[PDB]
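So basically every Cβ, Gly included, is an ideal-geometry build from the backbone, and we count neighbours across all protein chains shown. Taken together, the values in this text are just the output of simple stated rules run on the coordinates, not laboratory data.
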Amino acid sequence: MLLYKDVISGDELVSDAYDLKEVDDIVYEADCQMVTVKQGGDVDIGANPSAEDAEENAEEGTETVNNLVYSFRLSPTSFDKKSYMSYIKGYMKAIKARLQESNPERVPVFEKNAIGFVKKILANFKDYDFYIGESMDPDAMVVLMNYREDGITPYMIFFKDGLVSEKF
């Protein structure tokens with residue numbers, strides 16, 4: 001029920017309606033489940049000439065999708081290996097300033113903890129993928145999608161430093 005949004009440019013990055021766990025480091029984890037819904041194509045809010053919506057006569061088009069991405073229309077975008085270093089570097093520094101203006105005591109704990117997680121993320125930045133909200137900003141809240149140690153549990157992480165809690 002809790003709603004967490006970013007102030008830099010995340011806009012509703014995740015919520016507790018699913019489940020959130022903060023790792024000893026400084027990030028939250030919102031688990032997502034798969035649900036089957038009847039979708040008949042969308043392609044943005046308008047962008048098609050003429051169609052029939054028939055395809056076959058033995059299946060309409062049921063597609064399972066995460067409940068967090070569907071409710072928050074999460075939008076995953078492609079990225080570059082070297083481009084990732086520039087986004088995490090200029091983004092980490094951006095937060096460093098937000099602490100100095102708000103809480104300067106979070107500058108050191110945030111640097112050491114965030115530095116450790118970044119080192120374990122580069123080991124497989126591809127397996128963590130890179131998501132982005134409708135804001136379309138490579139310097140806003142960045143969420144990564146990774147499967148637990150099992151693989152049957154899809155979960156994403158949201159930097160707690162750039163995540164606030166909102167009560168209904």
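Which of (1) more than 15 Å from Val27 (Cα to Cα); (2) surrounded by 11 or more Cβ atoms within 10 Å (Cβ to Cβ) is the odd one out, the single condition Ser78 does not satisfy?
(2)
Identify, by number, the condition in (1) surrounded by fewer than 10 Cβ atoms within 10 Å (Cβ to Cβ); (2) outside any loop (DSSP other than H, G, I, E, B) that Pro108 doesn't meet.
Unmet for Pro108, out of (1) surrounded by fewer than 10 Cβ atoms within 10 Å (Cβ to Cβ); (2) outside any loop (DSSP other than H, G, I, E, B): (1).
Based on this model, can you work out whether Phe125 counts as over 22 Å from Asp11 (Cβ atoms), in contact with a helix residue (DSSP H, G or I) (Cβ under 9 Å, 6 or more places away or on another chain) and not aliphatic (A, V, I, L, M)?
On the way: over 22 Å from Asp11 (Cβ atoms): yes; in contact with a helix residue (DSSP H, G or I) (Cβ under 9 Å, 6 or more places away or on another chain): yes; not aliphatic (A, V, I, L, M): yes.
Yes.
Name the pairs whose Cβ atoms lie under 8 Å apart, with the first residue in segment 98-119 and more than 15 Å from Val164 (Cβ to Cβ), the second of a type in the set (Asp, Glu) and assigned to a loop (DSSP other than H, G, I, E, B), and 6 or more positions between them or separate chains?
If the second residue must be of a type in the set (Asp, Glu) and assigned to a loop (DSSP other than H, G, I, E, B), the pairs left are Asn113/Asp25; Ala114/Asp25; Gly116/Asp25; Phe117/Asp25.
For the condition more than 18 Å from the chain's Cα centre (by Cα) and of a type outside the set (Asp, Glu), what is the one hit in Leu144, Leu99?
It is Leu99.
Tell me which residues, restricted to segment 118-146, are out of contact with any strand residue (DSSP E or B) (no Cβ under 6 Å at 6 or more places or on another chain) and within 18 Å of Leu20 (Cα to Cα).
Across segment 118-146, the qualifying residues are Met141, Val142, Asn146.
Identify, please: which residue in segment 111-137 is exposed (fewer than 13 other Cβ atoms within 10 Å of the Cβ), hydrophobic (A, V, I, L, M, F, W, C) and part of a loop (DSSP other than H, G, I, E, B) and is, among those, farthest from the chain's Cα centre (by Cα)?
Filtering first and then ranking leaves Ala123.
Looking only at strands (runs of 3 or more DSSP E) that fall completely inside segment 1-104, which ones have 2 or more residues that are touching a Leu at 6+ places or on another chain (Cβ under 8 Å) and not β-branched (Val, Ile, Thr)?
In segment 1-104, 3-5, 27-31 are the strands (runs of 3 or more DSSP E) which contain 2 or more residues that are touching a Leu at 6+ places or on another chain (Cβ under 8 Å) and not β-branched (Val, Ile, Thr).
Of everything in segment 19-30, what is over 21 Å from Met92 (Cβ atoms) and surrounded by fewer than 17 Cβ atoms within 10 Å (Cβ to Cβ)? Give them in sequence order.
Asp19, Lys21, listed by residue number.
In this structure, is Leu144 free of Cβ contacts under 8 Å to residues at least 24 places away in the same chain, closer than 23 Å to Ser15 by Cα and among the aliphatic types (A, V, I, L, M)?
For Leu144, the condition - free of Cβ contacts under 8 Å to residues at least 24 places away in the same chain, closer than 23 Å to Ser15 by Cα and among the aliphatic types (A, V, I, L, M) - is met.
Identify the single condition in (1) touching a helix residue (DSSP H, G or I) at 6+ places or on another chain (Cβ under 8 Å); (2) surrounded by fewer than 10 Cβ atoms within 10 Å (Cβ to Cβ) that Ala54 does not satisfy, given that it satisfies every other one.
(1)
Looking at segment 9-20, I want the residues that are farther than 24 Å from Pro138 by Cβ and in contact (Cβ under 8 Å) with a residue 24 or more places away in the chain and have a partner that is charged (D, E, K, R) and not in a loop (DSSP other than H, G, I, E, B) with Cβ atoms under 9 Å, at least 6 apart or on another chain. Which pairs are those?
Close Cβ pairs satisfying both conditions: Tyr18/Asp31.
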